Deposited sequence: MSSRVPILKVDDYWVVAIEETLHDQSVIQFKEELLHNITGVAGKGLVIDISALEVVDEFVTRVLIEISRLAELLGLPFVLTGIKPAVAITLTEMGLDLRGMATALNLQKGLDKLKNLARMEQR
């Protein structure tokens, strides 16, 4: 448990910070364990802390995204600067077709708005 996984109003909230690499595997595993245990209304993951995004991180984000979809868990990715949007898309993450938001607040609001409909 290095990367904290928070729960707010039944939404999972995670912010990924710079890591000095197997802890990303460790993080993905713990997150997946959590979101398949107690039900939650959705998942927000913020990556604003990452100066560059790795091929490794990208694959973790693709897997979390696919599983969230299979689980029926609304998912929003937040804090994505232009340069990182380019890299993620080039490495196979479909940014256009997924929910993204500017920050954690916007992320949380987006999920609640979609649901309240």
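What are the missing stretches of the deposited sequence, listed from start to end? Coordinates drop out over 1-2, 23, 121-123.
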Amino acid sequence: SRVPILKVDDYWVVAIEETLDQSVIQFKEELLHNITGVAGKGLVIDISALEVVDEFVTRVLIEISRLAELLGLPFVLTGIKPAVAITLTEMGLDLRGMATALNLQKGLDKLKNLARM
From here on, numbers count along this sequence of modelled residues.
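I need to verify one thing: averaged over C-alpha atoms only, is the B-factor higher for 50-58 or for 78-86? Stretch with the higher mean C-alpha B-factor: 50-58.
Higher-scoring stretch by recorded Cα B factor average, 87-95 or 63-71: If you average the C-alpha B-factors of 87-95 and of 63-71, the larger mean comes out for 87-95.
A101 CA temperature factor, ranked by third within the chain: Lowest third of the chain for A101's C-alpha B-factor.
Entry-reported Cα temperature factor of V24, expressed as the chain third it lands in: It falls in the top third of the chain.
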